[PDB]
Structure formats: C-alpha cells, structure tokens
file start.cif (mmCIF, C-alpha atoms)
data_input
#
loop_
_atom_site.group_PDB
_atom_site.id
_atom_site.type_symbol
_atom_site.label_atom_id
_atom_site.label_comp_id
_atom_site.auth_asym_id
_atom_site.auth_seq_id
_atom_site.Cartn_x
_atom_site.Cartn_y
_atom_site.Cartn_z
ATOM 1 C CA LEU W 1 -99.722 -13.827 190.075
ATOM 2 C CA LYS W 2 -97.358 -15.682 187.731
ATOM 3 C CA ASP W 3 -100.034 -15.922 185.031
ATOM 4 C CA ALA W 4 -101.168 -12.342 185.638
ATOM 5 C CA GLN W 5 -97.635 -10.959 185.291
ATOM 6 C CA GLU W 6 -96.955 -13.062 182.187
ATOM 7 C CA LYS W 7 -100.131 -11.661 180.622
ATOM 8 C CA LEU W 8 -99.019 -8.163 181.628
ATOM 9 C CA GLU W 9 -95.628 -8.700 179.988
ATOM 10 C CA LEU W 10 -97.072 -10.029 176.731
ATOM 11 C CA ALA W 11 -99.691 -7.265 176.540
ATOM 12 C CA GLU W 12 -97.108 -4.536 177.211
ATOM 13 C CA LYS W 13 -94.705 -5.949 174.617
ATOM 14 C CA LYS W 14 -97.519 -6.153 172.058
ATOM 15 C CA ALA W 15 -98.653 -2.580 172.770
ATOM 16 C CA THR W 16 -95.094 -1.232 172.498
ATOM 17 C CA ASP W 17 -94.494 -3.044 169.204
ATOM 18 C CA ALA W 18 -97.829 -1.735 167.914
ATOM 19 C CA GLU W 19 -96.852 1.824 168.856
ATOM 20 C CA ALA W 20 -93.545 1.448 167.015
ATOM 21 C CA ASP W 21 -95.421 0.126 163.982
ATOM 22 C CA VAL W 22 -97.814 3.092 164.148
ATOM 23 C CA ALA W 23 -94.931 5.578 164.182
ATOM 24 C CA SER W 24 -93.216 3.808 161.283
ATOM 25 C CA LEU W 25 -96.439 3.753 159.250
ATOM 26 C CA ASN W 26 -97.117 7.446 159.925
ATOM 27 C CA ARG W 27 -93.643 8.493 158.801
ATOM 28 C CA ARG W 28 -94.106 6.244 155.764
ATOM 29 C CA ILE W 29 -97.371 8.079 155.059
ATOM 30 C CA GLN W 30 -95.718 11.491 155.135
ATOM 31 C CA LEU W 31 -92.805 10.287 152.983
ATOM 32 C CA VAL W 32 -95.102 8.786 150.344
ATOM 33 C CA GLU W 33 -97.306 11.897 150.374
ATOM 34 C CA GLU W 34 -94.241 14.057 149.694
ATOM 35 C CA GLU W 35 -93.247 11.769 146.820
ATOM 36 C CA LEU W 36 -96.812 11.936 145.469
ATOM 37 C CA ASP W 37 -96.774 15.743 145.554
ATOM 38 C CA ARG W 38 -93.463 15.837 143.688
ATOM 39 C CA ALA W 39 -94.824 13.396 141.092
ATOM 40 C CA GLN W 40 -97.951 15.518 140.574
ATOM 41 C CA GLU W 41 -95.826 18.639 140.083
ATOM 42 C CA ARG W 42 -93.673 16.821 137.518
ATOM 43 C CA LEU W 43 -96.840 15.677 135.742
ATOM 44 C CA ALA W 44 -98.189 19.228 135.507
ATOM 45 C CA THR W 45 -94.925 20.637 134.149
ATOM 46 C CA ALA W 46 -94.619 17.815 131.620
ATOM 47 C CA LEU W 47 -98.188 18.320 130.397
ATOM 48 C CA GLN W 48 -97.588 22.049 129.885
ATOM 49 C CA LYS W 49 -94.395 21.405 127.927
ATOM 50 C CA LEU W 50 -96.237 18.761 125.892
ATOM 51 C CA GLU W 51 -98.968 21.209 124.878
ATOM 52 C CA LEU Y 1 -103.084 -10.022 190.699
ATOM 53 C CA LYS Y 2 -105.639 -7.180 190.814
ATOM 54 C CA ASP Y 3 -103.113 -4.554 189.713
ATOM 55 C CA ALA Y 4 -101.729 -6.982 187.133
ATOM 56 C CA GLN Y 5 -105.215 -7.525 185.689
ATOM 57 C CA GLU Y 6 -105.924 -3.787 185.572
ATOM 58 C CA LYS Y 7 -102.632 -3.196 183.764
ATOM 59 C CA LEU Y 8 -103.509 -6.080 181.427
ATOM 60 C CA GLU Y 9 -106.790 -4.372 180.553
ATOM 61 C CA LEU Y 10 -105.056 -1.038 179.963
ATOM 62 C CA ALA Y 11 -102.313 -2.629 177.852
ATOM 63 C CA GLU Y 12 -104.750 -4.639 175.722
ATOM 64 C CA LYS Y 13 -106.912 -1.566 175.110
ATOM 65 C CA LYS Y 14 -103.866 0.468 174.086
ATOM 66 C CA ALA Y 15 -102.591 -2.350 171.858
ATOM 67 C CA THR Y 16 -105.979 -2.677 170.142
ATOM 68 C CA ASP Y 17 -106.038 1.089 169.584
ATOM 69 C CA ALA Y 18 -102.562 0.978 168.055
ATOM 70 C CA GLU Y 19 -103.561 -2.003 165.889
ATOM 71 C CA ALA Y 20 -106.502 0.002 164.553
ATOM 72 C CA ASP Y 21 -104.045 2.838 163.909
ATOM 73 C CA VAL Y 22 -101.853 0.347 162.032
ATOM 74 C CA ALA Y 23 -104.797 -0.745 159.886
ATOM 75 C CA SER Y 24 -105.791 2.841 159.073
ATOM 76 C CA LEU Y 25 -102.221 3.954 158.345
ATOM 77 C CA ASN Y 26 -101.532 0.929 156.128
ATOM 78 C CA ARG Y 27 -104.740 1.642 154.198
ATOM 79 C CA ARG Y 28 -103.553 5.223 153.715
ATOM 80 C CA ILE Y 29 -100.125 3.916 152.678
ATOM 81 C CA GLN Y 30 -101.586 1.652 149.993
ATOM 82 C CA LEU Y 31 -103.963 4.305 148.653
ATOM 83 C CA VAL Y 32 -101.247 6.964 148.385
ATOM 84 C CA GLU Y 33 -98.980 4.334 146.816
ATOM 85 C CA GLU Y 34 -101.599 3.657 144.135
ATOM 86 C CA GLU Y 35 -101.988 7.387 143.489
ATOM 87 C CA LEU Y 36 -98.199 7.726 143.159
ATOM 88 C CA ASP Y 37 -98.181 4.774 140.746
ATOM 89 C CA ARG Y 38 -100.800 6.494 138.588
ATOM 90 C CA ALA Y 39 -98.785 9.726 138.725
ATOM 91 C CA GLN Y 40 -95.584 8.004 137.608
ATOM 92 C CA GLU Y 41 -97.436 6.211 134.801
ATOM 93 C CA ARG Y 42 -98.689 9.616 133.647
ATOM 94 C CA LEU Y 43 -95.114 10.914 133.867
ATOM 95 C CA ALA Y 44 -93.834 8.076 131.673
ATOM 96 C CA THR Y 45 -96.552 8.760 129.112
ATOM 97 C CA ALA Y 46 -95.622 12.454 129.192
ATOM 98 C CA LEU Y 47 -91.959 11.673 128.522
ATOM 99 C CA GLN Y 48 -93.010 9.452 125.617
ATOM 100 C CA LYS Y 49 -95.055 12.337 124.205
ATOM 101 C CA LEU Y 50 -92.013 14.594 124.643
ATOM 102 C CA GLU Y 51 -89.971 12.170 122.544
#
call {"tool": "encode", "arguments": {"input": "start.cif", "output": "structure tokens"}}
result
Amino acid sequence: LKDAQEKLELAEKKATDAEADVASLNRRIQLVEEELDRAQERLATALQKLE
Amino acid sequence: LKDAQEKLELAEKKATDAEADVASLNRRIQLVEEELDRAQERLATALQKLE
C-alpha cells in the first residue's frame, strides 16, 4: 500500500500539473490568435493606404 | 492497493491525455506565432513603403 499510494500521489500531481499547463496553453492560443487577427487587419489597412 | 492501482490507472490515463493536449496546444502556439511573425514583417515592410 505504501508504494501504491506513492504512485497515486505522483500520478495525481502529474495530471493536475498537466491540466494547468493545458489551460495556460489554451489561453495563450486565444491571446496569440487575437494578436494575429489585429496584425492582419493592420496589414490590410496599410496595404490599402500604400496603393 | 486495488483502489490505489485503479486510481493510478485513471490518473495516468488523464495525465497522458493532458500531455497530448499540451503537445497539440504548443504546436498551435508555435504555428500561430510564426503567422504573427510573418504578419508583423509585412507590417514593417508596409511602413517602409509608407515612408
């Protein structure tokens, strides 16, 4: 039981940390997508003014 | 020990799933980052053309 509970603890800690990493990466994805959209809009406006 | 082993299996499956999510989300992060880099390079070229 000592080994089994230690394995349980390590697996649970790893899964929780992985979930936190997943949430952080997803919010990073949405942030970077917003920045990309703003950059594309700026590019379009700049090209029109250039022409 | 039986319950501990079952929870170990569940936790390791969930952690592997979240690790795959991490891999996918980091791939998306890098790809959108590259697209944003291209967009900002285009923006810099556009400002140069404005000048």
call {"tool": "resolve_selection", "arguments": {"input": "start.cif", "expression": "the PyMOL selection byres ((chain Y and resi 50) around 10)", "output": "count of residues only"}}
result
12
call {"tool": "interface_residues", "arguments": {"input": "start.cif", "of": "chain W", "to": "chain Y", "cutoff": "8 Å", "atoms": "all atoms listed in the file", "output": "number ranges by chain"}}
result
W: 1, 4-5, 7-8, 11-12, 14-16, 18-19, 21-22, 25-26, 28-29, 32-33, 35-36, 39-40, 42-43, 46-47, 49-50
call {"tool": "write_last_selection", "arguments": {"input": "start.cif", "atoms": "C-alpha atoms", "output": "CSV table (one decimal), in the coordinates of the input"}}
result
chain,number,residue,atom,x,y,z
W,1,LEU,CA,-99.7,-13.8,190.1
W,4,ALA,CA,-101.2,-12.3,185.6
W,5,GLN,CA,-97.6,-11.0,185.3
W,7,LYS,CA,-100.1,-11.7,180.6
W,8,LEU,CA,-99.0,-8.2,181.6
W,11,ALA,CA,-99.7,-7.3,176.5
W,12,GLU,CA,-97.1,-4.5,177.2
W,14,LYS,CA,-97.5,-6.2,172.1
W,15,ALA,CA,-98.7,-2.6,172.8
W,16,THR,CA,-95.1,-1.2,172.5
W,18,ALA,CA,-97.8,-1.7,167.9
W,19,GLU,CA,-96.9,1.8,168.9
W,21,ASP,CA,-95.4,0.1,164.0
W,22,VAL,CA,-97.8,3.1,164.1
W,25,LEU,CA,-96.4,3.8,159.2
W,26,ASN,CA,-97.1,7.4,159.9
W,28,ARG,CA,-94.1,6.2,155.8
W,29,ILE,CA,-97.4,8.1,155.1
W,32,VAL,CA,-95.1,8.8,150.3
W,33,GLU,CA,-97.3,11.9,150.4
W,35,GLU,CA,-93.2,11.8,146.8
W,36,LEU,CA,-96.8,11.9,145.5
W,39,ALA,CA,-94.8,13.4,141.1
W,40,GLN,CA,-98.0,15.5,140.6
W,42,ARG,CA,-93.7,16.8,137.5
W,43,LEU,CA,-96.8,15.7,135.7
W,46,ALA,CA,-94.6,17.8,131.6
W,47,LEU,CA,-98.2,18.3,130.4
W,49,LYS,CA,-94.4,21.4,127.9
W,50,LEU,CA,-96.2,18.8,125.9
call {"tool": "calpha_fit_rmsd", "arguments": {"input": "start.cif", "fixed": "chain W", "moving": "chain Y"}}
result
1.2 Å
call {"tool": "decode", "arguments": {"input": "start.cif", "residues": "segment 13-48 of chain Y", "atoms": "C-alpha atoms", "output": "mmCIF file, in the first residue's frame"}}
result
data_model
loop_
_atom_site.group_PDB
_atom_site.id
_atom_site.type_symbol
_atom_site.label_atom_id
_atom_site.label_comp_id
_atom_site.auth_asym_id
_atom_site.auth_seq_id
_atom_site.Cartn_x
_atom_site.Cartn_y
_atom_site.Cartn_z
ATOM 1 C CA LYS Y 13 -4.612 7.997 -18.461
ATOM 2 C CA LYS Y 14 -5.775 11.523 -17.637
ATOM 3 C CA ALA Y 15 -2.184 12.781 -17.427
ATOM 4 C CA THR Y 16 -1.326 11.236 -20.804
ATOM 5 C CA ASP Y 17 -4.432 12.846 -22.307
ATOM 6 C CA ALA Y 18 -3.431 16.231 -20.903
ATOM 7 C CA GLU Y 19 0.138 15.751 -22.167
ATOM 8 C CA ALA Y 20 -1.223 15.121 -25.660
ATOM 9 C CA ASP Y 21 -3.309 18.276 -25.221
ATOM 10 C CA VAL Y 22 -0.111 20.105 -24.242
ATOM 11 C CA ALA Y 23 1.649 18.867 -27.379
ATOM 12 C CA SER Y 24 -1.238 19.889 -29.643
ATOM 13 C CA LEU Y 25 -1.683 23.295 -27.994
ATOM 14 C CA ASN Y 26 2.052 24.051 -28.120
ATOM 15 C CA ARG Y 27 2.091 23.128 -31.818
ATOM 16 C CA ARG Y 28 -0.808 25.530 -32.360
ATOM 17 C CA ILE Y 29 1.033 28.169 -30.315
ATOM 18 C CA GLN Y 30 4.170 27.914 -32.451
ATOM 19 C CA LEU Y 31 2.267 27.922 -35.746
ATOM 20 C CA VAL Y 32 0.185 30.978 -34.828
ATOM 21 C CA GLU Y 33 3.373 32.630 -33.551
ATOM 22 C CA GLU Y 34 5.025 32.091 -36.941
ATOM 23 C CA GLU Y 35 1.971 33.502 -38.719
ATOM 24 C CA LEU Y 36 2.049 36.559 -36.431
ATOM 25 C CA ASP Y 37 5.767 36.971 -37.170
ATOM 26 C CA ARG Y 38 5.048 36.963 -40.906
ATOM 27 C CA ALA Y 39 2.231 39.472 -40.366
ATOM 28 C CA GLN Y 40 4.463 41.849 -38.408
ATOM 29 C CA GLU Y 41 7.212 41.549 -41.032
ATOM 30 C CA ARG Y 42 4.623 42.523 -43.648
ATOM 31 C CA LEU Y 43 3.587 45.434 -41.419
ATOM 32 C CA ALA Y 44 7.182 46.670 -41.177
ATOM 33 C CA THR Y 45 7.561 46.466 -44.950
ATOM 34 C CA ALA Y 46 4.292 48.387 -45.328
ATOM 35 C CA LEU Y 47 5.514 51.161 -43.029
ATOM 36 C CA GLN Y 48 8.736 51.350 -45.041
#
